[PDB]
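Read the structure below first, then the notes.
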Amino acid sequence: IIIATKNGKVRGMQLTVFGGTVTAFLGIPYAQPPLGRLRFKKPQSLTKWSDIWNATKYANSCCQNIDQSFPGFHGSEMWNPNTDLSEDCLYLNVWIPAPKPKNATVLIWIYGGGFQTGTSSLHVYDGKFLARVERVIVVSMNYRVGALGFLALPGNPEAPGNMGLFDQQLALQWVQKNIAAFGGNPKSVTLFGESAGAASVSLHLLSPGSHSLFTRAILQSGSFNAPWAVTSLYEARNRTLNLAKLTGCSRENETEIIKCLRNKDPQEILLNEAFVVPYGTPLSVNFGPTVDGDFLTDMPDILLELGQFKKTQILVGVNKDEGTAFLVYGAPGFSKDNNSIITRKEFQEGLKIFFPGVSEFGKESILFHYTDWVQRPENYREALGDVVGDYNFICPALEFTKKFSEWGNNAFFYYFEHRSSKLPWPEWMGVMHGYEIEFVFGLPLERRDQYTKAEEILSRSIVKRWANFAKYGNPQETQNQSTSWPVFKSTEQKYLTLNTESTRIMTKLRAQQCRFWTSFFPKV
Ligand SMILES: *[C@@H]1O[C@H](CO[C@H]2O[C@@H](C)[C@@H](O)[C@@H](O)[C@@H]2O)[C@@H](O[C@@H]2O[C@H](CO)[C@@H](O)[C@H](O)[C@H]2NC(C)=O)[C@H](O)[C@H]1NC(C)=O
Ligand SMILES: *[C@@H]1O[C@H](CO[C@H]2O[C@@H](C)[C@@H](O)[C@@H](O)[C@@H]2O)[C@@H](O[C@@H]2O[C@H](CO)[C@@H](O)[C@H](O)[C@H]2NC(C)=O)[C@H](O)[C@H]1NC(C)=O
Ligand SMILES: Nc1c2c(nc3ccccc13)CCCC2
Ligand SMILES: *[C@@H]1O[C@H](CO)[C@@H](O)[C@H](O)[C@H]1NC(C)=O
Ligand SMILES: *[C@@H]1O[C@H](CO)[C@@H](O)[C@H](O)[C@H]1NC(C)=O
Ligand SMILES: *[C@@H]1O[C@H](CO)[C@@H](O)[C@H](O)[C@H]1NC(C)=O
Ligand SMILES: *[C@@H]1O[C@H](CO)[C@@H](O)[C@H](O)[C@H]1NC(C)=O
Ligand SMILES: O=CN1CCC[C@H]1C(=O)O
Ligand SMILES: [Cl-]
Ligand SMILES: [Cl-]
């Protein structure tokens with residue numbers, strides 16, 4: 001199977017899926033490899049080739065540091081890159097139903113990883129099931145991460161910032177220009193992503209350059225208003241200069257700094273990324289999105305508040321235990337290998353780990369709000385997880401959804417509370433950050449892979465709801481006497497719970513906690 005694109009022919013491969021066939025094109029280039037003089041610059045447009053490009057295997061993942069905290073452990077290692085690392089990493093993947101569809105809706109995945117890690121080739125992002133079951137087309141792309149993708153010297157096109165976001169945008173443009181050739185509808189494209197990928201999705205809603213490039217958006221566990229998601233101009237400058245110093249590239253002509261950094265091997269840059277800040281936390285994002293005056297024209301909180309974004313439908317949600325994953329990467333008393341019953345004192349030391357630059361009054365106020373118990377030994381353990389999850393993910397997602405819906409668009413919010421039966425992390429960590437993803441991509445539909453019957457059922461319905469949102473803008477499951485998903489409005493704030501047992505309509509998720517984080521805490 002061979003498809004003619006604008007820049008040349010590509011050959012794909014046939015896959016067998018559920019007694020049917022899916023056609024996969026893995027590793028199509030969408031930009032000039034950003035090497036040599038091109039490192040740190042916006043992605044440059046592609047050449048044009050005369051032969052047939054073999055797209056029959058995942059391409060290189062972008063350069064990045066790897067998680068080495070738990071060698072041999074599937075829980076952490078499943079997120080590590082499964083393909084060679086290289087600066088030559090600007091490639092995308094396409095899954096298509098067989099027989100070739102005529103005008104199929106397109107789903108474009110953007111992975112998360114704190115803007116420092118990630119790759120589109122992970123097992124949990126395999127689009128072949130969505131293509132097989134719902135007959136949509138699935139696209140995913142690799143984008144630059146870390147300093148290589150987000151190094152900023154505002155105004156300087158040698159390193160203007162936001163390069164990884166421009167990588168994403170160029171791929172959306174590739175779909176606009178080429179997807180009809182694959183049987184897709186360029187007028188029916190839904191972006192979806194998780195964590196930093198969801199933050200990216202929300203930023204595409206704000207970038208005027210992305211507005212004509214997609215129809216609707218889905219945000220899983222992330223939004224730009226999260227405290228880790230956008231780096232200030234002040235922080236970005238101090239970090240760029242710190243990087244230059246650590247690598248011996250401190251100069252006076254800022255452009256000369258960039259030249260010096262271009263002569264360093266990727267490993268020396270990667271090695272020094274962790275130290276551009278005096279203290280980090282498990283949620284540190286040293287090189288992330290900035291206000292560059294190009295992709296992002298002003299502080300995004302201002303744009304959101306004043307209604308300056310694409311007017312369309314959104315689907316947003318979070319998991320029950322967003323915060324727990326991070327506790328075992330530094331908080332004292334914690335371990336994936338015991339029940340982590342911590343003391344008041346340990347909770348206090350824990351806040352210092354996650355809020356290192358915050359005043360003593362600020363840390364006390366967190367403790368006051370989360371430690372009025374009604375006693376129970378796991379009180380402090382659970383409080384710290386909730387602190388981390390509410391501050392970093394849930395409260396920002398809820399505030400994003402309210403502000404967005406106030407300008408008249410339909411929004412739908414979910415609360416995912418099912419813990420995978422195959423979860424390799426201990427049960428005290430609950431419904432973890434990142435563990436709805438395999439349900440969305442329909443992994444439990446494969447009966448050969450250890451999931452329960454109830455989980456097959458949950459994933460099937462989730463897959464249908466996501467597909468109906470992309471196609472029709474309304475995430476219902478209309479056939480099997482399902483609970484109707486009500487629109488989220490700023491007054492009533494209805495949301496839908498996703499679980500194996502009882503799907504329910506609820507109101508005002510974490511009302512009391514979020515009043516603390518959203519209204520008060522930004523003042524300390
Ligand atoms: C902006 O940058 C300076 C640079 O600090 C150094 O820190 C190293 C970890 C590394 O990045 C190196 O390249 C860089 O020169 C920060 O100054 C530091 O601030 C801390 C806390 O105030 C002091 O304890 C240190 O003495 C000082 N570092 C040294 C050794 O000079 C500064 O904090 C930072 N500003 C911020 C955080 O916005
Ligand atoms: C749960 O485990 C943590 C982590 O302890 C680590 O180190 C060894 C004790 C090893 O056997 C293994 O259990 C684990 O990887 C214990 O918390 C504390 O961890 C800090 C880390 O800085 C150490 O300073 C403490 O010494 C350690 N406590 C102890 C008992 O020494 C924690 O106590 C344990 N909690 C339980 C048993 O519920
Ligand atoms: N590295 C991780 C990522 C995610 N969840 C994780 C959970 C536990 C440990 C590492 C993780 C979800 C977003 C992508 C990366
Ligand atoms: C592409 O793959 C096919 C596999 O049959 C092969 O015939 C062709 O030569 C390949 N082109 C390359 C590797 O350049
Ligand atoms: C698909 O739908 C669009 C409207 O979005 C229509 O204009 C277009 O012609 C269709 N393409 C095909 C080939 O069906
Ligand atoms: C810095 O050096 C570059 C490259 O030689 C040059 O183009 C530019 O004019 C210089 N800028 C300043 C501020 O001196
Ligand atoms: C609807 O229910 C049937 C069984 O009655 C099941 O086979 C099918 O997968 C369900 N459809 C969805 C979208 O959940
Ligand atoms: O994985 C690492 N991090 C750090 C900040 C956000 C988070 C993520 O899952 O995208
Ligand atoms: Cl709960
Ligand atoms: Cl139901």
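Along the sequence shown, residues carry numbers from 1. Values reported hereafter were calculated over all heavy atoms of this structure, with side chains retained and with hydrogens, waters and symmetry mates removed. In each ligand, atom 1 is the first atom listed, and ligand 1 is the first ligand listed.
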Item to complete: For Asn54, counting its heavy atoms only, list the atoms of ligand 4 lying under 4.0 Å from any of them.
Response: 1 (C), 2 (O), 3 (C), 8 (C), 10 (C), 11 (N), 12 (C), 13 (C)
Worksheet entry | 4.5 Å side-chain heavy-atom contact, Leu315 and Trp466 | yes
Discussion item. Pair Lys128, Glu446 - check salt bridge (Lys or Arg N to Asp or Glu O under 4.0 Å), show working.
Written reply: CA-CA 11 Å; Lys128 78 189 183 184; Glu446 179 75 272; over 6 Å; no
Worksheet item: Can you tell which of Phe521, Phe516, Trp228, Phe354 makes a ring-ring contact (aromatic ring centres under 6.0 Å, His included) with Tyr391?
Response: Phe521
Could you check ligand 5 for N or O atoms lying under 3.5 Å from protein N or O atoms and list the pairs with distances?
residue	atom	partner	partner atom	Å
ligand 5	2 (O)	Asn103	ND2	2.3
ligand 5	11 (N)	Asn103	OD1	3.1
ligand 5	11 (N)	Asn103	ND2	3.3

Worksheet item: Roughly how far, to the nearest 0.5 Å, is the CD1 atom of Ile366 from the OH atom of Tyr370?
Response: 8.5 Å
Discussion item. Whether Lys311 engages the ring of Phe309 as a cation-pi pair (distance to the six-membered ring centre under 6.0 angstrom, angle to the ring normal within 45°) should be assessed.
Written reply: yes
Worksheet entry | Residue pair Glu194 / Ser221, side-chain donor-acceptor N/O under 3.5 Å | no
Practice prompt. Apply salt bridge (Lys or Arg N to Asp or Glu O under 4.0 Å) to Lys9 and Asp51, showing your working.
Written response: CA-CA 7 Å; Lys9 303 197 172 195; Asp51 38 338; over 6 Å; no
Discussion item. Tell me whether the NZ or CZ atom of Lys310 lies within the 45° cone about the ring axis of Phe214 and under 6.0 Å from its centre.
Written reply: yes
Response to the item:
Close residues (non-hydrogen atom under 4.0 angstrom from ligand 2) work out to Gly333, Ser335, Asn338, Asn339
Discussion item. Do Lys336 and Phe73 form a cation-pi contact, if we require the NZ or CZ to be under 6.0 Å from the six-membered ring centre and within 45 degrees of the ring's axis?
Written reply: yes
Worksheet item: Salt bridge or not for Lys352 and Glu360, using N-O below 4.0 Å?
Response: no
